[PDB]
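Form deposited in one PDB entry, single chain, as structure tokens, below.
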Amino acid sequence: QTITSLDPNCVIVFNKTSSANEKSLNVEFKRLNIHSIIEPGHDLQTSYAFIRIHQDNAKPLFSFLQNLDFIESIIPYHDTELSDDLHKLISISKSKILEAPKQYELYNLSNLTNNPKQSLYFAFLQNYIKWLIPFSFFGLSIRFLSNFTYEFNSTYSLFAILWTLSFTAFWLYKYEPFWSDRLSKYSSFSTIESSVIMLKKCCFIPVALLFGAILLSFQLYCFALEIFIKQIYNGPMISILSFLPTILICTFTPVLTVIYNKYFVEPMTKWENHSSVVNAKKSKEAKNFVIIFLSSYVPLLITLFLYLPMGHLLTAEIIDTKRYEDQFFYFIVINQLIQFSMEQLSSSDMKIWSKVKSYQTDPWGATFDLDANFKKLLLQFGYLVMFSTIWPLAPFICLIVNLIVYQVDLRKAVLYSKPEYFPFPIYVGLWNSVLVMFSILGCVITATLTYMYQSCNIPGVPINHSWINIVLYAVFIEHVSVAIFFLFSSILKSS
């Protein structure tokens, strides 16, 4: 018998160190009911177990495997016909690439892959693209038909606020209920398988605040150094010194992140002692999102809320009128492009063996990480909601990047990602609250920015207002946005 003729439904990868003992021999007798073949693993301390299971002899095998406690991992490998079906789904997906993804495609993927975790992220991306199409069209129209005042235009900002609140409410209370119903409704088997915890988690707030203060102070100092070298420093090599601010932040941020995770995030997450590992990973992601937030948006907020307004004060011991334009260009086009760029057995038996090996070793063969894929989308959303009023072409670039990212991620998560959910039944959370916070913050910042710079004294865009009126308007916009979001949430929840 050969692996190809077997058409395995699952691989029981165990450490070959334990398979040196006859436990691997014993599990063969335990598998007297279903065919199995054992082959050496990727390394000398692993050995694959290509087995085929049905809906009948599924629960006993996993009930044994739970107590076996000598298995490295378990993968619900796709068989030949399922692999062909998913290849055909991908082939249908690649055609009409420029067109928005269609809902019925996601239903086929959810019925075939049976992965609610993938379905949730892909539904979020589909909703994002569908809502971004009208925003992209509106941005193009306001940029071209109303090119006279394409920067900080009142109508575009009203549309941005309304679109942000409506999209957040619609996703939270009209689509996410349906799609997350599949998280527990199907929940066939994730192959991975109280108040004191919340009290302990609250104790990390001062630590996050302190580290955010450290990061903010360093970034402010780096901005001061950059403005120094670019305005009032008269050295010969201007260009060479211009790289110092970028390398300084690009070397301090990873160091701060690594010390943060090594000494604060990991020990405190261990101290919390979460029941399930998924909760521990979610808590670590939530704690680590503060650094990402303060490293992604802080430079633009410093350039906009400070620098441009208060530059005239710091003349004693001419501001760049277009600094924010190129900064936003770099953070909305170049940065997203970079992120996309960096992120004796027979031939068929060897193909299956290499597929399992890629599932176990290669970075693209790792299991679908919903958190790391939601984080990039939410960061792009924050960029599109907080600063699209600067450049109305941000929705269009975001839409194009989203289409490319969707077409790449579908292929990766379907063909190469290690499966997690079996077809046969056997025995979002943080990114919603972060999305809501991003929506409110984006509405506030957009309204405040357009109040500030609609009649700004800087040519081609100081403020004809005071530091009191701006803050009062920001508070008013925050309150009105919260009220509008509450009304939308109630209206959509009643359905």
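Numbering starts at 1 and follows the sequence shown. Under this definition, the rigid core comprises the largest set of C-alpha atoms superposing within 1.5 Å between the forms.
Here the subject shifts to the form deposited in another entry, a form of this protein not shown in this document.
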Single mover in 103, 95, 276, 184, with Cα shift of 2 Å or more between this form and the one not shown when the core is superposed: 184
Did residue 18 shift 2 Å or more between this form and the one not shown, C-alpha, core superposed: yes
Outcome for the Cα pair residue 107, residue 183 in the other entry, compared with this form (closer or farther; change of 3 Å or more): closer
